[PDB]
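Taking it in order: structure first as structure tokens, then the write-up.
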Ligand SMILES: CC(=O)N[C@H]1NC[C@H](CO)[C@H](O)[C@@H]1O
Ligand SMILES: [Cl-]
Ligand SMILES: [Cl-]
Ligand SMILES: [Cl-]
């Protein structure tokens, strides 16, 4: 009875692990006449409609969303110790009630509810159920405010619908930020009016050659809107001064020798660089950041800064000193890979650490020092949360430069005491980046993202006290029937006792 269990799954069997789980009493059972009661507000009805849409296919039930009556499933906004993202979920014969201070909290409560329901809930056709929800109370709040997932649409382009699909994959685990790597050596993916060739030429191909693609301003706005409806703040990234071949290939003038390099379709990194000693370089950067900021309602703008190996150290520092202010000029908070820690991060900046266990102490120290100086830290170790990294030497996709990363390694660590000497209060959260040098279709993205994706979400959300591999692997194993029913391919790691 893997697909439709006789009894409801345990109230605590969800990922991320909730801050507090108090099981008790009889469960709730959704029946054909169940109504979804919401507050008389746009934001409330929005979450209600979202929930109804998730349940209607598998249940076949009408599930009307109303602001009147005493519905079996109630979403209510009220005061409480749940912050901007927390919630309380009560379940019993009298119904299921999700209470929160804001819509994001109700939304997160819904993500928990879909895991309490049986795997059959993932089907597209009416199923017998039973639609049971374990009885008891869950009180849940997040540990970190920065819980993100990154998708690389530069190495291989993924259209709006494919990005929406990935957004739905991450929404399941309460991630709240979506980092989009919009430009790199193999492609420029956002239309810039002031420099039309970036998209038309720079986005004309991708890794492996052939058609590439890019988002028009309208398409980008739609991705941001969809992400927002899934409570994901979009953090766009235009990498500089390295990983800029797509731009360089589009405009000869940006190159130090005034010659446009060919479009790049390989899989190497570190060979490209904007010309730091040219004035046009800064006009270009200002134009791009300005246009991108205009399309970004979110608070952050990622300028990259990684692997600028063709940029002399002194030029890299000079470049970052000149460009960081441009982000603030357009009203945003700058974010950069941790290499920025070596180029005097501006006040309010955040750096994304992608180092490894083996990283030299001097490098770790530079980042820890930035943290001491007030720079926020986003942790995404390449040998921990890089979803493109192979599980073992036999993984058919992905890379291996950072060694192998099985499920336990990806999960078994504590963000608070990870980077030696770094103040715990400087850690803003975590991120799970999915690079696409080796991935060209949605199914391949799933195979590399799952089952490690839920684990990184837990590190960002759950209390340190709930962290434990032996018990976590059981909660992860329980996801198998849900993913199978949902058509989500995943690596069946031998470290996990799959249900
Ligand atoms: C910050 C960063 O990660 N830069 C590069 N490092 C290796 C990756 C592959 O695992 C991608 O090539 C990525 O663009
Ligand atoms: Cl999904
Ligand atoms: Cl090459
Ligand atoms: Cl390389």
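In this note's numbering, the protein residues as written are 847 to 1345. Built from N, CA and C at the ideal position, the CB exists for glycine as well.
| Delimiting residues of the alpha helix (DSSP H) encompassing residue 1016 | Taking the first residue of the chain shown as position 1, residue 1016 is located at position 170. It spans 1006-1017 - the alpha helix (DSSP H) in which residue 1016 sits, taken as one unbroken run.
| task | Pull up the DSSP beta-bridge partners for residue 1236, would you. | result | Sequence index remark: in the chain shown, residue 1236 carries index 390 (1-based). None, per the DSSP bridge assignment.
| request: Please name the residue in 1089, 1034, 956 and 978 whose C-alpha comes closest to that of residue 1077. | output: Translated into the one-based positions of the chain shown, residue 1077 becomes position 231. Selected option, being the one with the closest Cα: 956.
| field | CB of residue 1019 within 9 Å of CB of residue 1245, strictly | value | Residue mapping note: residue 1019 aligns to position 173 of the chain shown, counting from 1. Residue mapping note: residue 1245 aligns to position 399 of the chain shown, counting from 1. No.
| task | Tell me whether residue 1182 is buried or exposed, calling it buried when 16 or more other Cβ atoms sit within 10 Å of its Cβ. | result | As a working mapping, residue 1182 is identified with position 336 in the chain shown. Counting Cβ neighbours within 10 Å, residue 1182 comes out buried, since at least 16 surround it.
| Below 8 Å, can you find three or more Cβ-Cβ pairs linking the stretch 1084-1099 to the stretch 1028-1048? | yes
| Do you know whose CA, among 1290, 1132, 1102 and 1198, lies nearest residue 1157's CA? | Taking the chain shown and counting its residues from 1, the one referred to as residue 1157 is at position 311. Closest by alpha carbon: 1102.
| query | Short check: CB of residue 1072 to CB of residue 1013, under 9 Å? | reply | Within the chain shown, residue 1072 is the residue found at index 226, counting from 1. Within the chain shown, residue 1013 is the residue found at index 167, counting from 1. For residue 1072 and residue 1013, yes; Cβs fall inside 9 Å.
| said: Pairs of beta-carbons, one from the stretch 854-873 and one from the stretch 881-890, closer than 8 Å: are there three or more? | reply: no
| query | Does the pairing of the stretch 1109-1127 with the stretch 1061-1075 give three or more beta-carbon distances under 8 Å? | reply | no
| request: Can you tell me which of the three DSSP states residue 995 falls into? | output: Position 149 of the chain shown holds residue 995. Strand at residue 995.
| message | If you follow the beta strand (DSSP E) that residue 1132 is in, where does it begin and where does it stop? | response | Here residue 1132 refers to the residue found at position 286 of the chain shown. That residue, residue 1132, is in no beta strand (DSSP E); its alpha helix (DSSP H) goes 1125-1140.
| Ordered along the chain, which non-local residues of its own chain (more than five positions away) have a Cβ less than 6 Å from that of residue 1096? | Locating residue 1096 in the chain shown gives position 250, where the first residue counts as 1. Once the five neighbours on either side are set aside, the close Cβ partners of residue 1096 are 1043, 1044, 1047 and 1048.
| task | Can you give me the Cβ contacts of residue 1139 inside the same chain, cut-off strictly under 8 Å, excluding the 5 residues immediately before and after it? | result | Numbered from its first residue, the chain shown carries residue 1139 at position 293. Closer than 8 Å at the Cβ level, and outside the excluded window around residue 1139, lie 1147, 1173, 1176, 1177 and 1178.
| said: If you follow the beta strand (DSSP E) that residue 852 is in, where does it begin and where does it stop? | reply: Working through the chain shown from its first residue, we reach residue 852 at position 6. Run containing residue 852: none; DSSP gives neither H nor E here.
| message | Run through the DSSP bridge pairs and tell me what residue 1002 is partnered with. | response | In the chain shown, residue 1002 corresponds to position 156, counting from 1. Paired residue(s): none; residue 1002 is not in a bridge.
| task | Please list, in chain order, all residues of the same chain as residue 1202 whose beta carbon is under 7 Å from its beta carbon, the five residues on each side excluded. | result | Position 356 of the chain shown, counting from 1, holds the residue named residue 1202. These residues qualify, in order along the chain: 1227, 1228, 1229 and 1248.
| residue 1039 versus residue 1004 - alpha carbon distance | As a position in the chain shown, residue 1039 is number 193, starting the count at 1. As a position in the chain shown, residue 1004 is number 158, starting the count at 1. Their Cα atoms are separated by approximately 21 Å.
| task | Identify whether residue 899 lies in helix, strand or coil by the three-state DSSP scheme. | result | Taking the chain shown and counting its residues from 1, the one referred to as residue 899 is at position 53. In the structure shown, residue 899 sits in a helix (DSSP, three-state: H, G or I).
| task | With residue 1079 as the anchor, note down where its beta strand (DSSP E) starts and where it stops. | result | In the chain shown, counting from the first residue as 1, residue 1079 sits at position 233. 1079-1083 is the span of the beta strand (DSSP E), which, as asked, contains residue 1079.
| For review: beta carbons within less than 7 Å of any heavy atom in ligand 4 | 1114, 1115 and 1116
| message | Using C-beta distances below 6 Å, list every residue in its chain close to residue 1354, excluding the 5 sequence neighbours before and after it, in chain order. | response | With the chain covering 847 to 1345 only, the question about residue 1354 has no answer from this structure.
| query | Can you name, in chain order, every residue of its own chain whose Cβ lies under 6 Å from the Cβ of residue 1284, other than the five neighbours on each side? | reply | The residue you call residue 1284 lines up with position 438 of the chain shown. Result list for residue 1284: 1243 and 1244, in chain order.
| said: Tell me whether residue 950, by its Cβ, gets closer than 8 Å to a heavy atom of ligand 5. | reply: No copy of ligand 5 appears in this structure; the ligands present are ligand 1, ligand 2, ligand 3 and ligand 4.
| request: Using beta-carbon positions only, say whether residue 865 and residue 943 come within less than 9 Å of one another. | output: Locating residue 865 in the chain shown gives position 19, counting from the first residue. Locating residue 943 in the chain shown gives position 97, counting from the first residue. Their beta carbons are not under 9 Å apart, which means residue 865 does not touch residue 943 by this criterion.
| field | Span separating the alpha-carbon of residue 1080 from that of residue 1143 | value | Position 234 of the chain shown, counting from 1, holds the residue named residue 1080. Position 297 of the chain shown, counting from 1, holds the residue named residue 1143. Answer to the nearest angstrom: the Cα atoms are 8 Å apart.
| query | To the nearest angstrom, how far is it from the Cα of residue 880 to the Cα of residue 992? | reply | Reading the chain shown from its first residue, position 34 is the one you call residue 880. Reading the chain shown from its first residue, position 146 is the one you call residue 992. Computed Cα separation, rounded: 35 Å.
| Is residue 1114 helix, strand or coil by DSSP? | As a working note, residue 1114 is residue 268 in the chain shown. Three-state DSSP puts residue 1114 in coil, outside helix and strand.
| Any heavy atom of ligand 2 closer than 8 Å to the CB of residue 1326? | Start at 1 with the first residue of the chain shown, and residue 1326 comes out as number 480. No, the Cβ of residue 1326 stays beyond 8 Å of every heavy atom of ligand 2.
| task | Closer than 8 Å by C-beta to residue 1251: which residues in its own chain qualify, once you throw out the five before and the five after it? Chain order, please. | result | By one-based count along the chain shown, residue 1251 stands at place 405. The answer, listed in chain order, is 1229, 1230, 1232, 1235, 1236, 1237 and 1298.
| With respect to 8 Å, is the separation between the Cβ of residue 1055 and the closest non-hydrogen atom of ligand 3 below this value? | Along the chain shown, read from residue 1 onward, the residue named residue 1055 stands at position 209. Outside the cutoff, so no.
| message | Taking 8 Å as the cut-off, is the C-beta of residue 1275 nearer than that to any heavy atom in ligand 3? | response | Within the chain shown, numbered from 1, the residue matching residue 1275 stands at position 429. It does not: the Cβ of residue 1275 is nowhere closer than 8 Å to a heavy atom of ligand 3.
| Euclidean distance between Cα positions of residue 1261 and residue 911 | In the chain shown, the residue the question calls residue 1261 occupies position 415. In the chain shown, the residue the question calls residue 911 occupies position 65. Whole-angstrom Cα-Cα distance: 40 Å.
| request: Please check the pair residue 920 and residue 909, which I expect to be a contact at CB under 8 Å, by giving their CB distance rounded to whole angstroms. | output: Here residue 920 is taken as the residue at index 74 of the chain shown, counted from 1. Here residue 909 is taken as the residue at index 63 of the chain shown, counted from 1. Not really, about 13 Å apart at Cβ, beyond 8 Å.
| Quick one: what does DSSP say residue 1213 is sitting in, helix, strand or coil? | Taking the first residue of the chain shown as 1, we reach residue 1213 at position 367. Reduced to three states, the DSSP call for residue 1213 is helix.
| query | Who are residue 1148's beta bridge partners in DSSP? | reply | To locate residue 1148, count along the chain shown from 1; it is residue 302. For residue 1148, which the question treats as bridged, DSSP gives the partners 1083 and 1181.
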